[PDB]
Amino acid sequence: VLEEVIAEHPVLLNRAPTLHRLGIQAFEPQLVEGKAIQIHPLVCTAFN
DNA sequence: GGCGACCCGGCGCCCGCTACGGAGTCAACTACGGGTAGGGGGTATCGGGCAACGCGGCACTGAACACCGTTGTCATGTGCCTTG
């Protein structure tokens with residue numbers, strides 16, 4: 001049910017310093033095993 | 001005697017979040033007096049447990065009439081035979 005419900009629902013990833021407005025960026029969530037957030041390498045450098 | 005430095009006070013702040021330890025500490029006293037509060041003791045008041053007894057449909061009570069149906073019944077009318 002969780003896999004069914006999360007889709008098409010944004011979540012705002014945000015890093016602590018949030019120096020500039022790209023510190024908060026919406027994303028499409030996606031269930032994944034493990035316990036660490038998977039993030040796209042391209043958007044990393046915007047978050048520093 | 002307002003300028004003047006200087007002096008001093010006095011104040012103002014001092015990136016972000018999660019997540020990440022515990023620790024807890026030194027010097028009066030008694031007497032009274034009330035009042036509240038507790039306890040048990042006893043008492044008026046409210047709440048819980050049962051068969052008749054309210055109902056109603058219908059049903060029986062058929063009893064007592066009613067509704068046709070029937071073969072009871074009668075006094076009174078045709079057809080043949082005997083006599084005018």
# chains A, B, ... in the order shown; residues from 1 in each chain; ligands from 1
$ interface_residues --of "chain A" --to "chain B" --cutoff "8 Å" --atoms "only C-alpha atoms (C1' of nucleotides)" --output "PyMOL selection string"
chain A and resi 15-18
$ residues_around --residues "stretch 22-24 of chain A" --least-positions-apart "2" --cutoff "6 Å" --atoms "only C-alpha atoms (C1' of nucleotides)" --output "mmCIF file with C-alpha atoms, in the first residue's frame"
data_model
loop_
_atom_site.group_PDB
_atom_site.id
_atom_site.type_symbol
_atom_site.label_atom_id
_atom_site.label_comp_id
_atom_site.auth_asym_id
_atom_site.auth_seq_id
_atom_site.Cartn_x
_atom_site.Cartn_y
_atom_site.Cartn_z
ATOM 1 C CA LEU A 13 14.484 17.408 0.669
ATOM 2 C CA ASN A 14 16.359 20.060 2.635
ATOM 3 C CA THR A 18 20.272 26.059 3.219
ATOM 4 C CA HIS A 20 20.325 29.763 -1.006
ATOM 5 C CA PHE A 47 22.797 21.428 -1.847
#
$ closest_residue --among "A:10, A:48, A:2, A:40" --to "residue A:28" --atoms "only C-alpha atoms"
A:10
$ atom_distance --atom1 "atom CA of residue A:25" --atom2 "atom CA of residue A:1"
25.5 Å
$ select_by_dssp --residues "chain A" --states "alpha helix (DSSP H)" --output "PyMOL selection string"
chain A and resi 2-6+41-47
$ write_last_selection --atoms "N, CA, C and O atoms" --output "CSV table (one decimal), in the first residue's frame"
chain,number,residue,atom,x,y,z
A,2,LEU,N,2.0,1.2,0.7
A,2,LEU,CA,2.9,2.4,0.7
A,2,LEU,C,3.5,2.6,-0.6
A,2,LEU,O,3.5,3.8,-1.1
A,3,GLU,N,3.9,1.5,-1.3
A,3,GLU,CA,4.4,1.7,-2.7
A,3,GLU,C,3.3,2.3,-3.6
A,3,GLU,O,3.6,3.1,-4.5
A,4,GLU,N,2.0,1.9,-3.3
A,4,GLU,CA,1.0,2.5,-4.1
A,4,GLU,C,0.7,4.0,-3.8
A,4,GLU,O,0.4,4.7,-4.7
A,5,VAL,N,0.9,4.4,-2.6
A,5,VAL,CA,0.4,5.7,-2.1
A,5,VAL,C,1.4,6.8,-2.3
A,5,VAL,O,1.0,8.0,-2.5
A,6,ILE,N,2.7,6.5,-2.2
A,6,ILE,CA,3.6,7.6,-2.2
A,6,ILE,C,3.7,8.3,-3.6
A,6,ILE,O,4.0,9.5,-3.7
A,41,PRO,N,23.0,12.3,-8.2
A,41,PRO,CA,24.3,13.1,-8.1
A,41,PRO,C,24.3,14.4,-8.7
A,41,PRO,O,25.0,15.3,-8.2
A,42,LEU,N,23.4,14.7,-9.7
A,42,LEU,CA,23.5,16.0,-10.3
A,42,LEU,C,23.0,17.1,-9.4
A,42,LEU,O,23.6,18.1,-9.3
A,43,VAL,N,21.9,16.8,-8.6
A,43,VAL,CA,21.4,17.9,-7.7
A,43,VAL,C,22.2,18.0,-6.4
A,43,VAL,O,21.9,18.9,-5.6
A,44,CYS,N,23.2,17.2,-6.2
A,44,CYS,CA,24.0,17.3,-5.0
A,44,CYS,C,24.7,18.6,-4.9
A,44,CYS,O,24.6,19.3,-3.8
A,45,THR,N,25.4,19.1,-5.9
A,45,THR,CA,26.2,20.3,-5.8
A,45,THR,C,25.3,21.5,-5.5
A,45,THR,O,25.9,22.5,-5.0
A,46,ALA,N,24.1,21.5,-5.8
A,46,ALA,CA,23.2,22.6,-5.5
A,46,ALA,C,23.0,22.7,-3.9
A,46,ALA,O,22.9,23.7,-3.4
A,47,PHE,N,22.9,21.5,-3.3
A,47,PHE,CA,22.8,21.4,-1.8
A,47,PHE,C,24.1,21.7,-1.1
A,47,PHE,O,24.1,21.8,0.1
$ select_by_dssp --residues "chain A" --states "strand (DSSP E or B)" --output "list in words"
residues 11, 12, 13, 14, 24, 25, 26 and 27 of chain A
$ write_last_selection --atoms "C-alpha atoms" --output "tab-separated table (two decimals), in the first residue's frame"
chain	number	residue	atom	x	y	z
A	11	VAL	CA	8.58	15.62	-0.69
A	12	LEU	CA	10.93	18.55	-0.03
A	13	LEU	CA	14.48	17.41	0.67
A	14	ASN	CA	16.36	20.06	2.64
A	24	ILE	CA	14.97	23.05	-0.55
A	25	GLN	CA	14.03	21.03	-3.64
A	26	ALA	CA	10.95	18.90	-4.20
A	27	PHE	CA	11.38	15.31	-5.37
